Amino acid sequence: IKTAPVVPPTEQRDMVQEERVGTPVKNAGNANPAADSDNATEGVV
Amino acid sequence: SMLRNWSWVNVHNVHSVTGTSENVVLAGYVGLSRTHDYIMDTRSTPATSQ
(Lines give C-alpha, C1' and ligand atoms only; values in the text may rest on other atoms or scores of the structure.)
Protein backbone atom coordinates (compact mmCIF):
# COMPACT_ATOMS: atom_id res chain seq x y z
CA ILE A 1 0.00 0.00 0.00
CA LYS A 2 1.34 3.43 -0.97
CA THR A 3 -0.47 6.49 0.38
CA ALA A 4 0.34 9.47 -1.82
CA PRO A 5 -0.73 13.12 -1.71
CA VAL A 6 -3.12 13.82 -4.58
CA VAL A 7 -4.98 16.92 -5.77
CA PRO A 8 -8.35 17.30 -3.99
CA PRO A 9 -11.22 16.66 -6.42
CA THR A 10 -12.89 20.02 -5.74
CA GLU A 11 -9.87 22.15 -6.71
CA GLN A 12 -9.69 20.97 -10.32
CA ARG A 13 -12.14 20.78 -13.21
CA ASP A 14 -12.13 18.65 -16.34
CA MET A 15 -12.72 20.83 -19.40
CA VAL A 16 -13.49 19.36 -22.81
CA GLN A 17 -11.29 20.75 -25.58
CA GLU A 18 -12.14 20.40 -29.27
CA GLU A 19 -9.03 20.42 -31.45
CA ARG A 20 -9.38 21.20 -35.15
CA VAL A 21 -6.72 21.49 -37.85
CA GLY A 22 -8.66 23.81 -40.13
CA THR A 23 -11.88 25.73 -40.56
CA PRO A 24 -14.39 23.88 -42.76
CA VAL A 25 -15.58 25.56 -45.95
CA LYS A 26 -19.06 27.01 -46.39
CA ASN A 27 -20.40 24.06 -48.43
CA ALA A 28 -18.62 21.43 -46.37
CA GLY A 29 -21.04 18.61 -47.07
CA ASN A 30 -21.14 19.32 -50.81
CA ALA A 31 -18.80 17.38 -53.07
CA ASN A 32 -19.49 19.74 -55.99
CA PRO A 33 -20.77 23.18 -54.94
CA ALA A 34 -19.98 24.35 -58.49
CA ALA A 35 -22.80 22.28 -60.01
CA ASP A 36 -25.37 24.94 -59.13
CA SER A 37 -23.56 27.26 -61.57
CA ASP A 38 -22.58 24.69 -64.21
CA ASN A 39 -26.25 23.68 -64.44
CA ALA A 40 -27.67 27.21 -64.78
CA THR A 41 -28.22 26.99 -68.51
CA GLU A 42 -30.84 29.76 -68.56
CA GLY A 43 -28.80 32.32 -66.62
CA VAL A 44 -28.70 33.93 -63.20
CA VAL A 45 -29.96 37.39 -62.25
CA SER B 1 49.95 -26.84 3.30
CA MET B 2 47.71 -26.46 0.23
CA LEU B 3 48.37 -29.87 -1.28
CA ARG B 4 47.26 -31.26 2.08
CA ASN B 5 43.89 -29.53 1.63
CA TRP B 6 43.16 -31.49 -1.57
CA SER B 7 44.01 -28.66 -3.93
CA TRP B 8 45.30 -31.34 -6.31
CA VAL B 9 41.90 -32.87 -7.04
CA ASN B 10 40.05 -33.10 -10.34
CA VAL B 11 37.76 -30.08 -10.15
CA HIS B 12 35.07 -32.09 -11.94
CA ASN B 13 34.49 -34.28 -8.87
CA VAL B 14 33.46 -31.30 -6.72
CA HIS B 15 29.67 -31.15 -6.65
CA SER B 16 27.45 -28.38 -5.35
CA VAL B 17 25.25 -29.52 -2.48
CA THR B 18 22.18 -29.04 -4.67
CA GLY B 19 23.64 -30.57 -7.82
CA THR B 20 22.62 -27.43 -9.71
CA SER B 21 24.05 -24.09 -10.77
CA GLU B 22 22.20 -20.81 -10.76
CA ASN B 23 22.12 -17.39 -12.41
CA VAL B 24 20.10 -14.97 -10.28
CA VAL B 25 19.06 -11.55 -11.52
CA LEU B 26 16.40 -10.33 -9.08
CA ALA B 27 14.76 -6.94 -8.77
CA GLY B 28 15.94 -5.77 -5.38
CA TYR B 29 15.44 -3.29 -2.58
CA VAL B 30 15.79 0.34 -3.68
CA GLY B 31 14.28 2.13 -0.69
CA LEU B 32 11.94 4.57 -2.43
CA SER B 33 8.83 2.87 -1.02
CA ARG B 34 10.10 3.04 2.56
CA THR B 35 11.26 6.66 2.39
CA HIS B 36 7.96 7.67 0.81
CA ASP B 37 6.01 5.98 3.62
CA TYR B 38 8.12 7.78 6.22
CA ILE B 39 7.36 11.26 4.90
CA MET B 40 3.63 10.50 4.84
CA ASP B 41 3.91 9.01 8.36
CA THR B 42 1.93 6.02 7.10
CA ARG B 43 4.30 3.16 7.99
CA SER B 44 7.33 4.89 9.49
CA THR B 45 9.02 1.82 10.99
CA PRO B 46 8.86 -1.34 8.85
CA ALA B 47 10.86 -3.61 11.16
CA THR B 48 8.51 -5.95 13.01
CA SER B 49 8.78 -7.36 16.52
CA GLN B 50 9.90 -10.73 15.15
# chains A, B, ... in the order shown; residues from 1 in each chain; ligands from 1
call {"tool": "interface_residues", "arguments": {"of": "chain A", "to": "chain B", "cutoff": "9 Å", "atoms": "only C-alpha atoms", "output": "list in words"}}
result
residues 2, 3, 4 and 5 of chain A
